[PDB]
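A.B. asks:
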RNA sequence: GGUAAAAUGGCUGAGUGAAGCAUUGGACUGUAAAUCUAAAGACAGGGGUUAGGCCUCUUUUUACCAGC
Ligand SMILES: [Zn+2]
Ligand SMILES: [Zn+2]
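In the numbering used here, the protein residues as written are 55 to 742.
1. Pick from 595, 655, 693 and 631: whose alpha carbon is nearest that of residue 601?
2. Output yes or no for whether 8 Å exceeds the beta carbon distance between residue 489 and residue 580.
3. Could you check which residue in 486, 300, 512 and 430 has the C-alpha nearest to that of residue 700?
4. With respect to the beta strand (DSSP E) encompassing residue 325, which residues constitute its N-terminal and C-terminal limits?
5. Pull up the distance between the alpha-carbon of residue 793 and that of residue 183, whole angstroms please.
6. In whole angstroms, what separates the C-alpha of residue 225 from that of residue 335?
7. Which residue or residues does DSSP assign as beta-bridge partners of residue 586?
8. Hey, would you say the C-beta of residue 501 is under 7 Å away from at least one heavy atom of ligand 2?
9. Grouping DSSP H, G and I as helix and E and B as strand, with all else coil, what is residue 545?
10. To the nearest angstrom, how far is it from the Cα of residue 577 to the Cα of residue 70?
11. Output needed for residue 468: all residues of its chain with C-beta closer than 6 Å, excluding positions within five of it in sequence on either side, in chain order.
12. Could you tell me if the beta carbon of residue 634 falls within a distance shorter than 7 Å of some heavy atom in ligand 1?
13. Can you give the Cα-Cα distance for residue 187 and residue 283, rounded to whole angstroms?
14. Taking 7 Å as the line, does the beta carbon of residue 464 fall inside it for any heavy atom of ligand 1?
15. Would you check if the stretch 105–112 and the stretch 133–146 touch, i.e. whether three or more CB-CB distances between them fall below 8 Å?
16. Taking its Cβ as the centre, do 16 or more other Cβ atoms sit within 10 Å of residue 518, making it buried, or is it exposed?
17. Does DSSP put residue 314 in a helix, a strand or coil?
18. With DSSP as the reference, label residue 241 as helix, strand or coil.
19. Residue range of the beta strand (DSSP E) that residue 64 falls in?
20. What span of residues does the alpha helix (DSSP H) with residue 631 cover, start to end?
21. How about the stretch 413–426 and the stretch 479–486: do they share at least three Cβ pairs that are nearer than 8 Å?
22. Fully enclosed by the stretch 512–563, which alpha helix (DSSP H) runs are 4 residues long or longer?
23. Are there 16 or more other CB atoms within 10 angstroms of the CB of residue 613, so buried, or fewer, so exposed?
24. Taking all protein chains shown into account, do 16 or more other C-beta atoms lie within 10 angstroms of the C-beta of residue 288, making it buried, or fewer, making it exposed?
25. Which first and last residues belong to the alpha helix (DSSP H) in which residue 278 is found?
26. Tell me residue 454's beta-bridge partners as DSSP assigns them.
27. Could you check what DSSP says for residue 709 in three-state terms: helix, strand or coil?
28. With a Cβ-Cβ cutoff of 8 Å, do residue 272 and residue 191 count as a contact?
29. Looking only at its chain, what residues have a beta carbon closer than 6 Å to the beta carbon of residue 56, apart from the 5 residues adjacent to it on each side?
30. Where in the stretch 107–171 do unbroken runs of the beta strand (DSSP E), each at least 3 residues long, occur, reported from the N-terminal end onward?
31. Would you identify the three-state DSSP class for residue 688, choosing helix, strand or coil?
32. For ligand 1, enumerate in chain order all residues having a CB closer than 6 Å to any of its heavy atoms.
33. Answer yes or no: the CB of residue 117 versus the heavy atoms of ligand 2, is any distance below 7 Å?
34. Nearest-angstrom Cα distance between residue 290 and residue 407?
35. For residue 697, count neighbouring Cβ atoms within 10 angstroms of its own Cβ and tell me buried if that reaches 16, exposed if not.
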């Protein structure tokens with residue numbers, strides 16, 4: 055077969071603060087993703103990009119925002135059933151993959167291949183990929199540029215020209231003739247030499263593109279001195295059609311970098327990916343939040359997404375900003391396409407909401423009907439399960455007990471993007487008030503994103519000049535193993551975390567080391583809390599919950615994912631609010647016990663038997679992520695948890711009226727789940 | 001919400017072009033059932049390479065989504 059005739063270069067991530075720059079290559083035979091940062095999988099799912107079917111993943115910098123989402127992509131590939139997958143990047147990649155198996159489990163069902171930089175190159179029928187290691191003058195100092203060249207595209211045959219004279223067009227005899235013409239062998243027939251030039255166009259050797267990342271000025275000189283780039287610079291046998299620079303704005307304005315890259319020539323297109331992007335990625339989440347805000351303000355606050363404040367400076371050659379969903383076309387025609395750019399238009403969402411069936415009447419009735427502690431802020435950053443999707447992110451909740459103190463509690467993959475989308479530009483101040491973080495259990499979706507929040511908190515603290523206060527993390531002994539396995543070859547950031555085992559915090563437990571001594575004290579008398587206790591749950595090995603009591607006598611208990619635990623009862627008694635799991639729903643008791651989930655019915659049961667004033671669910675299943683069915687058991691002490699939800703103690707006599715409008719908003723989706731899940735599960739149970 | 005499999009007609013086998021069973025007037029047959037010399041409906045809805053077969057966007061049908 056001939057060379058590919060449809061190659062597209064697209065960006066899934068614009069290199070924003072939330073997530074690092076990510077590329078995407080679409081070809082008729084193979085697909086590539088290059089850098090796999092945090093949240094790139096969710097963006098690909100949102101943009102309809104096929105998560106599976108990926109052939110190669112190329113890593114450049116080996117940095118968390120560039121490799122944080124690799125675990126999620128690997129898990130998704132494993133679930134999808136992809137048989138083969140190849141990973142390439144720095145030679146120490148295999149070490150990172152090994153640490154993943156500690157908590158992610160064996161990678162059965164999918165074959166993973168690690169290609170170190172020592173390998174010469176990787177061949178393909180669609181294009182060839184090289185690798186030129188780069189070393190800085192100042193291991194996190196190693197970056198790699200790939201440089202990709204396409205294959206020969208055979209010229210099309212002039213069928214009309216051949217038919218004009220009387221060649222056997224439309225018959226099997228034409229196949230050898232066209233095969234010989236395309237190959238390059240002259241064909242003589244009918245007593246004359248037709249020659250290939252009169253039957254086909256000259257062959258096209260194909261273009262090429264270069265991917266290079268310059269984290270800082272330190273890498274400018276090594277890049278300039280690179281010998282390989284010299285051959286492709288200026289005139290060359292394979293002109294480079296496009297080059298992408300994943301470098302900060304300051305580095306781009308550097309005179310040396312501009313002079314070196316200017317040798318590429320005027321025909322070379324340049325693309326820059328950095329924090330200066332001006333595109334919005336998640337339209338569905340923004341629409342959902344805007345629609346929810348129309349019901350009750352101050353409980354679903356507007357995202358107030360950050361926006362660029364400085365226009366890109368003029369340079370020697372015009373530049374095209376990274377943006378989102380920007381695609382560059384190769385092979386058929388070299389041009390830029392912008393027919394799929396994402397823009398935020400809240401007016402359309404408002405108009406669509408105004409046309410909802412009877413939603414306006416319900417909202418008006420609720421408003422007509424509507425018409426204590428002031429800062430017990432509780433915000434649910436995420437409420438979904440593992441494998442985050444567009445509608446919601448993995449479970450993650452934060453509480454702002456005091457303006458100067460806060461508790462992160464569970465923190466899943468990333469969640470700094472969620473924090474930025476929630477508080478906007480105010481995250482910098484908020485991130486500096488973080489006091490401690492607690493992980494639920496060994497599952498990756500609850501503790502995989504810790505490095506990102508750690509780095510972001512460190513950056514925020516350094517921005518204001520405040521000294522460095524080590525963060526307190528309450529995780530089992532399993533987490534420390536992963537942390538020590540990591541950071542030994544990439545970052546060495548062990549100074550930003552202090553471990554406090556949860557076993558010593560268990561009710562009736564005893565301190566087993568002086569390290570916890572004065573450490574529990576530092577944790578206390580700082581969050582306005584009186585004693586902190588934990589206990590095991592019936593979920594899996596090394597699973598613990600947390601109970602927090604304020605100095606004023608307000609008590610809140612968080613359990614997480616587990617079966618109804620009798621030990622939890624009699625310990626969280628008189629708790630103002632409680633947090634449980636509602637992964638599954640009624641009618642799936644067999645799956646609930648098999649999957650080790652309480653389910654909504656058992657959670658509500660313990661809720662009435664727990665005496666807690668308020669019962670709040672969490673960790674909604676992906677099958678009912680849009681909204682869980684409101685069972686008749688709902689009472690004044692229950693509620694519904696949603697992403698970016700904000701609830702105060704004074705809202706207790708206010709939320710009951712929200713059920714009608716919330717159920718009205720989700721009509722089509724609720725009908726879909728009712729028609730799909732309940733009947734199917736009932737039929738399956740009856741058959742079995 | 002995601003993954004796997006098939007979209008051809010009254011039914012059904014594939015990709016040189018379309019192949020097998022069923023019926024319209026009936027001949028052997030007083031009798032309308034035996035064996036045909038003609039008949040027909042024809043590859044779900046787009047588009048990229050020019051070609052069917054290849055890849056992508058929707059629509060309809062079956063199955064699956066579990067404790068680390
Ligand atoms: Zn879990
Ligand atoms: Zn969980």
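Note that beta-carbon positions come from the ideal geometry of N, C-alpha and C, so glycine has one too.
C.D. replies: The answer reads as follows:
1. 631
2. yes
3. Looking at the Cα atoms, 430 is the closest of the given residues.
4. 323–326 is the extent of the beta strand (DSSP E) around residue 325.
5. In the structure displayed, the chain extends from 55 to 742; residue 793 sits before or after that span and is not available.
6. 52 Å
7. The secondary-structure analysis by DSSP pairs residue 586 across a beta bridge with 602.
8. Not under cutoff, so the answer is no.
9. coil
10. One C-alpha to the other measures close to 34 Å.
11. 92, 93, 503 and 506
12. no
13. 12 Å
14. no
15. The stretch 133–146 vs the stretch 105–112: in contact.
16. exposed
17. helix
18. coil
19. 61–68
20. Looking at the DSSP string, residue 631 is not in any alpha helix (DSSP H); the run it does join, the beta strand (DSSP E), is 631–633.
21. Output reads no: the stretch 479–486 does not touch the stretch 413–426.
22. 531–539
23. buried
24. Counting the other CB atoms within 10 Å of its CB gives residue 288 a total below 16, which places it among the exposed residues.
25. 274–279
26. 431
27. helix
28. yes
29. 208
30. 110–112, 138–142 and 165–169
31. Residue 688: coil per DSSP, three-state reduction.
32. 495, 497 and 615
33. no
34. 57 Å
35. buried
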